[PDB]
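Report on the structure given below.
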Amino acid sequence: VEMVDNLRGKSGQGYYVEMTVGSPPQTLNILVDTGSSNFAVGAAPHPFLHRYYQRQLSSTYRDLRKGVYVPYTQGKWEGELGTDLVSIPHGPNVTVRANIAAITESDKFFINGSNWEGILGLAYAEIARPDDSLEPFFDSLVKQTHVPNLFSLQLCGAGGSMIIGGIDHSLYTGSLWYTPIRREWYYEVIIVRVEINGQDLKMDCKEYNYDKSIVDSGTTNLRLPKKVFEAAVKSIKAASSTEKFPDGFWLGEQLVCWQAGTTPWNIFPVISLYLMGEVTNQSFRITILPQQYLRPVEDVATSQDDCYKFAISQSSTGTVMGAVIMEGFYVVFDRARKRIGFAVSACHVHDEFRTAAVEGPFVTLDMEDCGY
Ligand SMILES: C[C@]1(c2cccc(-c3cccc(Cl)c3)c2)N=C(N)CCO1
Numbered sequence: 502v001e002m003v004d005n006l007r008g009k010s011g012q013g014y015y016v017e018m019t020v021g022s023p024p025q026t027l028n029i030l031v032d033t034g035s036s037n038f039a040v041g042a043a044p045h046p047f048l049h050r051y052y053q054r055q056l057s058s059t060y061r062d063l064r065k066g067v068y069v070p071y072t073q074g075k076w077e078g079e080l081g082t083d084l085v086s087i088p089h090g091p092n093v094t095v096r097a098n099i100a101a102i103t104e105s106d107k108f109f110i111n112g113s114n115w116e117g118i119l120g121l122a123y124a125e126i127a128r129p130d131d132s133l134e135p136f137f138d139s140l141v142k143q144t145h146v147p148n149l150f151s152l153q154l155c156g157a171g172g173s174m175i176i177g178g179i180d181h182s183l184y185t186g187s188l189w190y191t192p193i194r195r196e197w198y199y200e201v202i203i204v205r206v207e208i209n210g211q212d213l214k215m216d217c218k219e220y221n222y223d224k225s226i227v228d229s230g231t232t233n234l235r236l237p238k239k240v241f242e243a244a245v246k247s248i249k250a251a252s253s254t255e256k257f258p259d260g261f262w263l264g265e266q267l268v269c270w271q272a273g274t275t276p277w278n279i280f281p282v283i284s285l286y287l288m289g290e291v292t293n294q295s296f297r298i299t300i301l302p303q304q305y306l307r308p309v310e311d312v313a314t315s316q317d318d319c320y321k322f323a324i325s326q327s328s329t330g331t332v333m334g335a336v337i338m339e340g341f342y343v344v345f346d347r348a349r350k351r352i353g354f355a356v357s358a359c360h361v362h363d364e365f366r367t368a369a370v371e372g373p374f375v376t377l378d379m380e381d382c383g384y
């Protein structure tokens, strides 16, 4: 219960947890990222940082005498590797020694008003920078304490919770459905079917996972491979035909606004993502409402209206089930059993007619392997 409501933020700028680094403890807000594997923190002033890790003030810091360079698609950072004592004040009652990439230079990485100063990469060593030998935070936490090798995330639209070492039953209703982790690098999973308002996309299921499908709390949108994205936009446009939006909206570049409280939710269809089950050719579905894929953009200047960004976008690196997808579900990262669990959360998306759901089982006797 002491870990409930330990997250802040929103899908657009990320969800963050309070952590402490060094001795005496230096408090920092850290992005919870299941899509990366480095524990990296601002370690020098920047126009967008409220505070930063001051290594000279930590008597427990150890320099590893090794640099790290991390380029992304839209931004990059450089830093120095070292180790220090780390704790999560509203997490497990433990202090561990962990690798820390002290960010000393960055370009288009830190975000103004995000309220976070670093990233907690929760994925596996395989995708760690500079390489797989840099132990990730969670692996250290498990090795040094008696914490079970599992964490869960309950992301909530409008904070949320990160529960480490167990499953909190008060954070979900109904059944918990498991999908296998296909490979331990990202949290890679397999999507076996996609429907938009009950209509199957009918593609070869390998297309849904071209070149991988991941569960990523560090990506805002639902990101889809080109072929799947184009089919999804066609289907959503067809259901929403009573209203015509610019291509800029569908490209995720421009806002669609309606007078406060009048958003026509009913014109937008539900999206069903069928995930591979734990038994051959059995699956379960997670249903995504427009309250998830239409991301609200808060702005006092536009506040006579409710404005949204289309939170589905094209990817050339496979499917990404981002924060907009995770919101309203209780997501169990069961590393011990190499599986990811989904259940409807206490903060699930619903209106008078429709509700986000986790349903199963579904059977498909006529099925190939959906992995690439
Ligand atoms: C490391 C990062 C990353 C880096 C910097 C910022 C974010 C970020 C920014 C806004 C919202 C969110 Cl959820 C994450 C993510 N994490 C990912 N999972 C994909 C992109 O690369």
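Heads up: the sequence shown is residues 502, 1 to 157, 171 to 384, going by the entry's author numbering.
Each residue gets a CB set at the ideal place from its N, CA and C atoms; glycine is no exception.
query                                                                                                                                 : result
Entirely enclosed beta strand (DSSP E) segments - the stretch 192-216, minimum 3 residues                                             : 203-208
Any non-hydrogen atom of ligand 1 closer than 8 angstroms to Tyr-123 Cβ                                                               : no
Inter-residue CB distance, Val-356 and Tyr-184 (contact presumed, cutoff 8 angstroms)                                                 : 6 angstroms
Close beta carbons around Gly-186, own chain, < 7 angstroms, minus the five adjacent residues each side                               : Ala-355, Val-356 and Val-370
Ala-335 CB to nearest heavy atom of ligand 1 below 8 angstroms                                                                        : yes
Straight-line gap, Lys-142 to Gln-153 (C-alpha atoms, nearest Å)                                                                      : 25 angstroms
Pair within 9 angstroms by beta-carbon distance, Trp-262 and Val-240                                                                  : no
Bounding residues of the alpha helix (DSSP H) (the contiguous stretch that carries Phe-47)                                            : Unbroken run through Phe-47: none, as it is neither H nor E.
Range covered by the alpha helix (DSSP H) that runs through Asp-180                                                                   : First-last for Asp-180: undefined, no H or E at that position.
Assumed close pair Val-201, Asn-293 - CB separation to whole angstroms, cut-off 8 angstroms                                           : With a Cβ gap of about 16 angstroms, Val-201 and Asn-293 do not count as contacting.
Residue environment, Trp-270, which counts as buried when at least 16 other CB atoms sit within 10 Å                                  : exposed
Any non-hydrogen atom of ligand 1 within 8 angstroms of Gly-74 CB                                                                     : yes
3 or more residues per run - each beta strand (DSSP E) lying fully within the stretch 333-373                                         : 341-346 and 351-357
Cα-Cα separation, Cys-155 to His-360                                                                                                  : 8 angstroms
Proximity to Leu-306 [Cα-Cα], best of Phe-150, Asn-278 and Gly-330                                                                    : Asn-278
Touching by the beta-carbon criterion (3+ pairs, under 8 angstroms), the stretch 103-120 and the stretch 25-33                        : yes
8 angstroms Cβ shell around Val-309 - same chain, five flanking residues per side excluded                                            : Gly-11, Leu-267, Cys-319, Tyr-320 and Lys-321
Any beta strand (DSSP E) of 3 or more consecutive residues that is wholly inside the stretch 60-88                                    : 61-71 and 74-86
Whole alpha helix (DSSP H) elements within the stretch 233-305, 4-residue minimum                                                     : 238-251, 259-262 and 302-305
N- and C-terminal bounds of the alpha helix (DSSP H) containing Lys-142                                                               : 136-143
Buried versus exposed, by CB contacts within 10 Å (16 or more), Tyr-220                                                               : buried
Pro-308 - partner residues in DSSP beta bridges                                                                                       : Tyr-320
Cβ-based burial, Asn-233 [other Cβ within 10 Å; buried from 16]                                                                       : buried
Where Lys-218 sits in the DSSP three-state scheme                                                                                     : helix
Stretch pair the stretch 32-44 + the stretch 115-134: three plus CB contacts closer than 8 angstroms                                  : yes
Same chain, Cβ closer than 8 angstroms to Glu-265, five either side skipped, listed in chain order                                    : none
Chain-order list of residues whose beta-carbon lies under 6 angstroms from that of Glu-196 (same chain, five-residue window excluded) : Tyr-123
Residue ranges of each beta strand (DSSP E) within the stretch 96-156, 3 or longer                                                    : 117-120 and 150-154
DSSP bridge partner residues for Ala-39 (one or two, in chain order)                                                                  : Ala-100 and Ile-118
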